[PDB]
Amino acid sequence: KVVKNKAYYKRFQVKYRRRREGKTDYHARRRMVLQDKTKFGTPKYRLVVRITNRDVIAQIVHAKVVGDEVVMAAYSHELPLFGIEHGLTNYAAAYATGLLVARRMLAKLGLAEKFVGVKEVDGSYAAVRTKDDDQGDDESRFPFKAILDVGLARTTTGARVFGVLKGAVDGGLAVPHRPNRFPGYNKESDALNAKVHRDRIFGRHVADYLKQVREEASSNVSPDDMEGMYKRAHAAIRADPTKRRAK
Amino acid sequence: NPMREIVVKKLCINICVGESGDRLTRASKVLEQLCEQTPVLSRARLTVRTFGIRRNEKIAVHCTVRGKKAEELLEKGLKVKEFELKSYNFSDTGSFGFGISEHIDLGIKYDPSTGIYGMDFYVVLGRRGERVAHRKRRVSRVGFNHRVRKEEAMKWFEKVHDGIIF
Amino acid sequence: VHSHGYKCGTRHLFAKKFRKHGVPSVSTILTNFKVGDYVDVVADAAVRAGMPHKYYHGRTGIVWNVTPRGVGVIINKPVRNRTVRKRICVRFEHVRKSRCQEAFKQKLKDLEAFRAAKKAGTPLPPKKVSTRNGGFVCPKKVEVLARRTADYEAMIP
RNA sequence: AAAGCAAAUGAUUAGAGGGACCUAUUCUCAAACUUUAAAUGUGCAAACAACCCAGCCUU
RNA sequence: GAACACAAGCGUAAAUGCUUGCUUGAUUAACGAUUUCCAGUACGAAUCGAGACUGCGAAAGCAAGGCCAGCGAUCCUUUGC
RNA sequence: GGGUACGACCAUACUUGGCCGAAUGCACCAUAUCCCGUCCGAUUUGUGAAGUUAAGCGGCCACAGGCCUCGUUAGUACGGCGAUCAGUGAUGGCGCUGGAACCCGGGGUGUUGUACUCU
Ligand SMILES: [Mg+2]
Ligand SMILES: [Mg+2]
Ligand SMILES: [Mg+2]
Ligand SMILES: [Mg+2]
Ligand SMILES: [Mg+2]
Ligand SMILES: [Mg+2]
Ligand SMILES: [Mg+2]
Ligand SMILES: [Mg+2]
Ligand SMILES: [Mg+2]
């Protein structure tokens, strides 16, 4: 018996193009672009984070009927312009690219002088001040806002997508979030370990693995300074976010 | 092409006993012994008076193995069947299987408590790059020529170890 | 036994079109509505929340109130010897913007452009000429039609 | 309404190519079947308590 | 072409279906407005809101029962604040 | 002349087979100390570059199916209004007017927005 006969093709209804290609989850997309009708089409921004086999992409997008409009994208392959030329896909790299896009967005908006964000890097939740979450005062200027979008990625504790989120938050952007997914979080005591989070941010785990690899290489470039240029790269990014590779 | 070769993906062992009592418990011990890996139980679907089983009742126990242990376990089974098979054992999908009647013959010290059981061996073969049909994002279909067919299956078998009777 | 439930006759009315099933798209979500606009009320049949009664399907009215996920519309309905202005509340998925006034607005814009061209001295486009007047008709050839008796044998199945 | 069953659901006649079976056809149908789809209908608009254009105030 | 407690229709595929994890939005809700029957009365059911305290989520968001059938005036008794 | 990310319309974009694919990229791909999750690192999660266009992807083709469009079917089927119209009836044509559907035939097989980019 043949099921794919002529009548089968007549009645077939094709799915959406980006659903056939397995790129867009429209069930989550509809809830993400939805906005209150009382606000008559006031802009709403998304923070799109995508990770390939060799690069990390962070974009700020505003949705329109004619097609989505992208403002101030950033890619992890521009890091060698600042002093990071290895890995480019680990947790440390994800933090750096999130910081770079936040500074670029703020500079373009002309608000980088204010909203400088935190400078000392540590794993601490703090909180995000939005219009619906005054966090006390409500008269000071409100920070620029965006909502995180992860697509089809699996959300687990210690995922690199949340590393991009932490970098953007520390850059000065206001993105609503909770510490439940940061690598140092323990769910049984519902607590977060600052030391664990900051270690992964500066790539402590990578150095230990690289060191151990060298030892096992014996009897079958150098660690202990990763925090060195990672801090130096942060200062360079906070100094000149707009510099790029021209050709 | 270097990655057009045929490799063994996984080997699945299944023990289909009736009842849901100590017989099942002992069979699980035997399987986890030979498999050095935790097995899982299976439950029926319908209720059959002829077979004397009810819906969603523990019946069988099985496990799957990938890697070197899969390779050596396969070798032991073929040794029991003296590397001799039949023509009607390979599917057009590109897989084949067989079955031993006594679990003693694999080289396991008999224990007077567990008893003697029989098992089923199934081997799945495929080339490298089938993950396109299993990844979460941008799932597609493997190419037709890239798929493994039955004729290449026996040729692979004879290459490593012959002895197929048509 | 007909029964007068809330949807007593909507087998074909509340059904999607052939090869057109699904939920509302993104362009429907970003419509935006304002008080005083003209909208059409049509049920979507895939969103059960906030569906209007079957009488108001395919009716046009004016919006009077906007809520975070709803729109209030004023619709005329005749009762006995008068017509009542009913107010209904629906979700934004069941309303579409109406094009019932676009011809009137275009005419007003054209008249405004006419005044601006005249006062700025711009030449005006030339007037269209009706074809209902007379004229000369010179044909290359004239055919005849005379019921050529092959049609009589033609209409036999 | 019409049309269709060489399109989904339901009913149904007979040959043919590879006793059931499969493929493509074929006779004949539907108030509680339908891809398609009229005529007659039905809602809104066709200006002054209004619409533009400019500048201005308030929350 | 399955399922969605039950009659039927409509609807639904990274779901409105199945499994699993955590929960009590089946609470309160200042006499807000509206639809269906219709006298434009009541009753039942349902739709769009505002305020409190919450649940699940990284978030946008969803939820004040199980979509549409499953119910009851005056007087009297009885409970809560 | 192209690639990637995010999209709008949602088959002229789908299904089957064959052939080709310069670069950037996208992939397949190596492995489990740590985060994390499984009967099984298959999927999922964390860290690398050893190989390869085989597949995925893009482009082209097919007396290919489907889909889209224009004709034909056809002023046919059906309809509104009229008659002291025809006919035993069943029904039908006429006057003023509106007007279909499948089969079949010709053609076609995605358009396009924002940003970073390769020749
Ligand atoms: Mg999701
Ligand atoms: Mg009807
Ligand atoms: Mg309809
Ligand atoms: Mg009929
Ligand atoms: Mg879901
Ligand atoms: Mg009810
Ligand atoms: Mg509330
Ligand atoms: Mg409800
Ligand atoms: Mg008369």
Side-chain angles (χ1 to χ4, degrees), chain A residues 1-2 4 6-7 9-12 14-18 24-25 27-28 31-32 34 48 50 52-53 57 59 61 63-71 73 75 90 147-148 150 152 154-159 162 165 176-178 180-181 183 200 205-206 208-209 212, chain B residues 1-4 9-10 37-40 63-66 127-129 131-132 134-136 138 140 142-144 146, chain C residues 4-7 10-11 14-16 18 21 25-27 38 45-46 48-53 58-61 67 69-70 72 76 79 84 86-91 98 100-101 103-104 107-108 112:
Chain A
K1 178 53 70 187
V2 177
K4 286 232 239 164
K6 172 175 304 153
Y9 292 138
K10 292 184 92 114
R11 325 252 308 164
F12 196 78
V14 301
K15 284 200 235 278
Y16 276 5
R17 185 153 109 111
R18 280 178 81 81
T24 300
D25 182 10
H27 186 264
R31 281 132 172 274
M32 203 132 42
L34 175 62
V48 168
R50 298 298 184 257
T52 87
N53 289 10
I57 313 131
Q59 302 181 300
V61 197
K64 308 226 222 151
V65 164
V66 75
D68 275 16
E69 139 189 309
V70 171
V71 300
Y75 311 86
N90 43 321
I147 55 161
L148 171 76
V150 315
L152 301 157
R154 179 83 61 98
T155 59
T156 44
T157 323
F162 307 121
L165 178 101
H177 74 281
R178 265 190 301 148
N180 280 49
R181 281 323 181 187
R200 187 145 292 228
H205 61 302
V206 200
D208 314 314
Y209 189 36
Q212 135 178 317
Chain B
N1 212 263
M3 44 216 294
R4 271 193 136 269
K9 293 288 191 193
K10 64 179 167 181
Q37 168 178 4
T38 298
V40 289
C63 190
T64 168
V65 165
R66 337 214 187 203
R127 320 188 146 81
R128 180 148 234 174
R131 150 186 165 84
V132 189
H134 296 77
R135 63 193 173 187
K136 169 69 169 188
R138 313 207 50 182
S140 325
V142 202
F144 166 74
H146 201 99
Chain C
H4 311 281
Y6 203 74
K7 338 201 199 179
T10 71
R11 168 169 188 164
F14 283 166
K16 304 230 89 170
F18 183 60
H21 299 249
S25 80
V26 165
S27 77
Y38 275 99
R48 314 256 187 69
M51 215 177 345
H53 190 254
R59 249 95 203 193
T60 311
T67 47
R69 312 266 192 281
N76 301 322
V79 182
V84 193
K86 332 258 329 193
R87 285 172 162 82
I88 66 162
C89 337
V90 300
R91 265 179 82 92
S98 210
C100 67
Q101 272 197 330
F104 182 57
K107 151 158 116 155
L108 288 183
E112 193 142 271

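Note on naming: letters A, B, ... go to the chains in the order of the sequence lines (proteins, then strands), and numbering restarts at 1 for each one.
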OP1 or OP2 of [N] less than 4.0 angstrom from a side-chain nitrogen or oxygen of [X], does that happen here?
{"X": "C:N76", "N": "D:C44", "answer": "yes"}
{"X": "A:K1", "N": "D:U23", "answer": "yes"}
{"X": "A:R178", "N": "E:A59", "answer": "yes"}
{"X": "B:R135", "N": "F:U43", "answer": "no"}
{"X": "A:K15", "N": "F:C14", "answer": "no"}
{"X": "C:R48", "N": "E:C67", "answer": "no"}

Looking across every strand, which nucleic acid part, if any, lies under 4.0 Å from [X] by heavy atom: base, sugar-phosphate, or nothing?
{"X": "B:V65", "value": "nothing"}
{"X": "B:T64", "value": "base"}
{"X": "A:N90", "value": "sugar-phosphate"}

Measure [atom1]/[X] against [atom2]/[N] and give the value in whole Å, please.
{"X": "A:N53", "N": "F:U31", "atom1": "CG", "atom2": "P", "answer": "16 Å"}
{"X": "C:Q101", "N": "D:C44", "atom1": "CD", "atom2": "P", "answer": "13 Å"}
{"X": "A:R17", "N": "F:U112", "atom1": "CZ", "atom2": "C1'", "answer": "10 Å"}
{"X": "C:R11", "N": "E:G11", "atom1": "CZ", "atom2": "P", "answer": "10 Å"}

When both hydrogen-bonding distances must be under 3.5 Å and the geometry is Watson-Crick or G-U wobble, what is E:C56 paired with, if anything?
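E:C56 is paired with E:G61.
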Under a 3.5 Å limit on both distances, do [N] and [M] form a Watson-Crick or G-U wobble pair?
{"N": "F:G92", "M": "F:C85", "answer": "yes"}
{"N": "F:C6", "M": "F:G113", "answer": "yes"}
{"N": "F:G95", "M": "F:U76", "answer": "no"}
{"N": "E:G11", "M": "E:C4", "answer": "yes"}

Stacking of C:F14 on E:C10 base (centres under 5.5 Å, planes under 30°):
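So C:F14 does not count as stacking on the base.
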Ignoring hydrogens and angles, answer whether the base of F:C34 and the side-chain atoms of A:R200 contain a donor-acceptor pair closer than 3.5 Å.
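Under the 3.5 Å cut-off, the side chain and the base do form a donor-acceptor pair.
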Inter-nucleotide P distance (F:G18, F:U111), Å rounded
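One P to the other, the span is 26 Å.
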Between B:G129 and A:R50, which is nearer to the 5' end of RNA chain F once each is assigned its nearest nucleotide?
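The residue closer to the strand's 5' end, by nearest nucleotide, is A:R50.
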Let me have a per-nucleotide readout for nucleotides 1-7 of chain E, 5' to 3', with B, S or -, counting only protein heavy atoms under 4.0 Å.
-------
Closest nucleotide of RNA chain E for A:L34 versus for A:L165: which of these residues is on the 5' side?
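It is A:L165, whose closest nucleotide lies nearer the 5' terminus.
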